[PDB]
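A.B. asks:
Below is the structure:
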């Protein structure tokens, strides 16, 4: 089997991407944030504290003939950005882009943090990291991909995120028309439960490539590119007037600037992030200070190849017995 679904930016800045997911019978379609940095499929629901729902579409398990309470199971997750959610668990039929999993754990939120409430466009998350990170207790549950894997034509999914435009998540096949040149594959460590890999270096603009190992994760659920402070300083040093602002929470730059590109290495291959992808717009409405899309990972504890990086590539998440990641230009 295969599946293919379009993923759409939630706003004009590509702050996140949503993908329609069918849950239950008859189908209830929710728009979920596909997150290769976590491993829980959770949704706003009829059980979510009413004051914490503001515009989201909810899953109502009582209206699904295939929903079953997973008795005694609870979940609770805290994300790197300090957001959180928790609740109980149903199993139900879940389909993405024509690919169907029966008996998928659907984690129903009883509580969500303010950042989730305030984002009316995101109805929940669909985790695509390794199932070892799943938070369901006392019986850990599998991700949608893990459940689908054996049925797929090939045990892979691909992320093809757009810049200020829709893109595609495919399951079970590699669309050879969706990228240019060749796909370069690189090793993954699953030790921390992430799609963790090592970039071979970087360049800023038309500058020389610096060969250096940068361990990080491929994370579709993180907006920005978070890299070591040395790398980030080298980038922003090429933008007149750019500075790190403790009050704003990262590097800002004059909105009048033209940003240089940023290149990252994948083995001997190179992925080029155009400068425009690094512009996240005014820090507040009407400001001439703009927020940067490349930020320091210092104090996160891990480097994160988030959407800023991934949207410059066609990315293969190869879930074979020994997982790997593939990157191609597009």
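Residue numbers (mature numbering (1 follows the signal peptide of the UniProt record, and there is no 0)): 70 to 399.
A virtual CB, placed ideally from N, CA and C, is assigned to each residue, including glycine.
(1) For the putative contact between residue 336 and residue 255, defined by C-beta atoms under 8 angstroms, what is the C-beta separation to the nearest angstrom?
(2) Using only alpha-carbon positions, find the residue among 111, 79, 371, 83 that is nearest to residue 381.
(3) Assuming residue 319 and residue 364 form a contact by the criterion Cβ under 8 angstroms, report the distance between their Cβ atoms to the nearest whole angstrom.
(4) If I measure Cβ to Cβ from residue 398 and keep anything under 6 angstroms in the same chain, skipping five residues before and after, which residues do I get?
(5) Could you tell me which whole alpha helix (DSSP H) segments of length 4 or greater appear in the segment 81-131?
(6) For residue 336, verify whether its CB is less than 7 angstroms away from any heavy atom of the ligand MG.
(7) Quick one: give me the first and last residue of the beta strand (DSSP E) that residue 377 is part of.
(8) Can you grab the Cα-Cα spacing for the pair residue 141 / residue 159, in whole Å?
(9) Have a look at residue 278 and residue 269 and give me their C-alpha separation to the nearest angstrom.
(10) On a CA-only basis, which of 310, 272, 257 is nearest residue 391? Give me that one, please.
(11) Do the segment 142-155 and the segment 78-97 meet, that is, are 3 or more Cβ pairs less than 8 angstroms apart?
(12) Of the choices 262, 324, 339, whose alpha-carbon is the least far from that of residue 396?
(13) In whole angstroms, what separates the C-alpha of residue 355 from that of residue 349?
(14) Alpha carbon to alpha carbon, how far is residue 120 from residue 247? Give it in angstroms, no decimals.
(15) Less than 8 angstroms between the beta carbons of residue 41 and residue 70, yes or no?
(16) For the candidate residues 283, 229, 386, 322, whose alpha-carbon lies nearest to that of residue 88?
(17) Ignore the nearest five residues each way along the sequence and tell me which others in residue 187's own chain have a CB closer than 8 angstroms to its CB.
(18) Kindly give me the distance between the Cβ atoms of residue 308 and residue 331, rounded to whole angstroms, as I take these residues to be in contact under 8 angstroms.
(19) Taking the alpha carbon of residue 388 as the point to measure from, which residue in 179, 218, 116 has its own alpha carbon closest?
(20) Along the chain, where does the beta strand (DSSP E) that runs through residue 365 open and close?
(21) For residue 193, does the count of other Cβ atoms within 10 angstroms reach 16, so buried, or fall short, so exposed?
(22) Along the alpha helix (DSSP H) that carries residue 215, what are the first and last residues, could you check?
(23) Roughly how many angstroms separate the alpha carbons of residue 164 and residue 202, rounded to a whole number?
(24) Helix, strand or coil for residue 440, going by three-state DSSP, please let me know.
(25) Using DSSP with H/G/I as helix, E/B as strand and the rest coil, what is residue 186?
C.D. replies: Looking at the atomic coordinates:
(1) That pair is a contact at about 6 angstroms.
(2) The candidate whose alpha carbon is nearest that of residue 381 is 83.
(3) Right, the Cβ-Cβ distance comes to about 5 angstroms (below 8 angstroms), so this counts as a contact.
(4) Cβ within range, chain order: 249, 250.
(5) No alpha helix (DSSP H) of 4 residues or more sits fully in the segment 81-131.
(6) The model depicted lacks the ligand MG and carries no ligand whatsoever.
(7) Taken as a continuous stretch (DSSP letters only), residue 377 belongs to no beta strand (DSSP E), being part of the alpha helix (DSSP H) at 376-379.
(8) Going from the Cα of residue 141 to the Cα of residue 159 covers about 10 angstroms.
(9) Taking C-alpha positions only, residue 278 is separated from residue 269 by approximately 10 angstroms.
(10) Selected option, being the one with the closest Cα: 257.
(11) Counting Cβ pairs under 8 angstroms, fewer than three are found: no touch.
(12) Ranking 262, 324, 339 by Cα distance to residue 396 puts 339 first.
(13) Straight-line Cα distance between these residues: approximately 13 angstroms.
(14) When only Cα atoms are considered, residue 247 and residue 120 end up about 43 angstroms apart.
(15) The structure shown has nothing for residue 41, since the chain only spans 70 to 399.
(16) Residue 88 has its Cα closest to that of 229, out of 283, 229, 386, 322.
(17) Correct list, in chain order: 123.
(18) That belief does not hold up - the Cβ atoms of residue 308 and residue 331 are roughly 11 angstroms apart, past 8 angstroms.
(19) If we check each option's Cα against that of residue 388, 218 comes out closest.
(20) DSSP places residue 365 inside the beta strand (DSSP E), whose first and last residues are 363-365.
(21) Buried, because 16 or more other Cβ atoms sit within 10 Å of the Cβ of residue 193.
(22) 213-217 is the extent of the alpha helix (DSSP H) around residue 215.
(23) Going from the Cα of residue 164 to the Cα of residue 202 covers about 22 angstroms.
(24) Residue 440 lies beyond the range of the chain shown here (70 to 399); nothing can be said about it.
(25) Secondary structure of residue 186 (DSSP, three-state): helix.
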